[PDB]
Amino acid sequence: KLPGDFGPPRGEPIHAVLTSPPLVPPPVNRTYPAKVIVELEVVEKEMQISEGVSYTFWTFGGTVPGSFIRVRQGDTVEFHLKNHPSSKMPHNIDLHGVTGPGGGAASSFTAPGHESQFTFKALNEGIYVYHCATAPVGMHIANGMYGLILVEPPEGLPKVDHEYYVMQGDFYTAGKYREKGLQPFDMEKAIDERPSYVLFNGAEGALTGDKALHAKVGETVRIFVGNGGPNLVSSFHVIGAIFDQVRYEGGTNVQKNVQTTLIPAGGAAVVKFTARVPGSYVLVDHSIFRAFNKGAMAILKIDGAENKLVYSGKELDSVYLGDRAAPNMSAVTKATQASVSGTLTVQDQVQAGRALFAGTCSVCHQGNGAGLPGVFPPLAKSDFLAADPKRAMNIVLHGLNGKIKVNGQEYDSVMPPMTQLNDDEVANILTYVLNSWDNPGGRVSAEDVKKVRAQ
């Protein structure tokens, strides 16, 4: 008498409601086992992985992660996979939580333009990763082919104010982080488990600024958190808060009151958060260079009244979140498109630089370029800058140390090199600086920086 033994399906078959991230379908709200028909379509498509950076994703339902599936333990699921005729590759599916070889893989093999089906009973309650299972499996997963299926316990999950859907992935581009253009998959980097981006929901900034998740003080938030991998294990953490509960897959064990929790590659967890004070709460992989150098940050923004007895501090700003504190970086997308078309203006560069200056430069030189006299020199009306604007390229790329004088004040400090900035980025930041705070104007081009880097 297997687990999930709740009887044959009753009533009429139900068409599963699938939702796109970061949203989840309604709770099933039923007390009997059903036949649930799931229809999921694979689409291969270019999308923006970062501003001005395109990638050819392979997707379940048009999104990364793929559509969220929600059924009840004991349901019989008739699973239809369609492969869009525009696809170049064959695809299939392995759903964790399926009891059967391959989790569906052999019977769901689907060539472009075709459809397949298989039927399984959902014996196991829990939150589960599903992903493509087509050789080379790692390429298909790295291209975005993963999502979550929730198999509810028979009584349903406890009611909460909000449910969200967040899934980490590691991505492997031929180009470096934030190198612009259409970036191919990089098999070498993937085999070595050296990702160029580590992301929530398939893109840089997918869940930051104006795309943050929302709740209010006093409300409960449940997040279904997946780790599609392919390779990385997430040190999954919420900055400035705690999880009331963390439950992995369909495990009997529930951990309560933790802030940092390890999600295996291919793993999934349900976490619960209670909003206590207003502000922005950051979901990160706390393997910190992923969070702050490769894109692995998401925001849950809580609105409501401050409570100074609990926290007197200010909201998250660019000192910590860097260039993602702002609503968006659309100016970088505009500038990159303008360079492609050969139509790049000084103002395109100024606006792109403005977005990129936040955190990256403002932490020391300030948002207004004033610096701090004798500690951090000014960029606003800087004589040192105006004397030799082109030297700024070497300063950004290779740093500056030693005694210098700026606006009649001596400095003897260290600006670290910032060699990871791409040529266009250095060009744009510097064009912004040159055209702000009554500086001389002019501009630096991507090709100017390339030549200096090449020295």
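So that there is no doubt, residue numbering starts at 1 and follows the sequence shown.
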property	result
Stretch with the higher entry mean CA B-factor, where the candidates are 336-344 and 181-189	336-344
58-66 set against 389-397, stretch whose average Cα temperature factor tops the other in the entry	389-397
Residue with highest C-alpha B-factor in the PDB entry, from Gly209, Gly126, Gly218, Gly371	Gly371
Among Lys381, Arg194, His140, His286 - the residue whose C-alpha B-factor is largest in the record	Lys381
Third of the chain's Cα B-factor distribution that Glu163 belongs to, per the entry	lowest
Ranked C-alpha temperature factor of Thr261 among modelled chain residues, by third	lowest
CA B-factor ranking of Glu306, expressed as a third of its chain	highest
Among modelled residues of the same chain, the CA temperature factor third for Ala358	highest
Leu23, C-alpha B-factor rank within chain (lowest, middle or highest third)	lowest
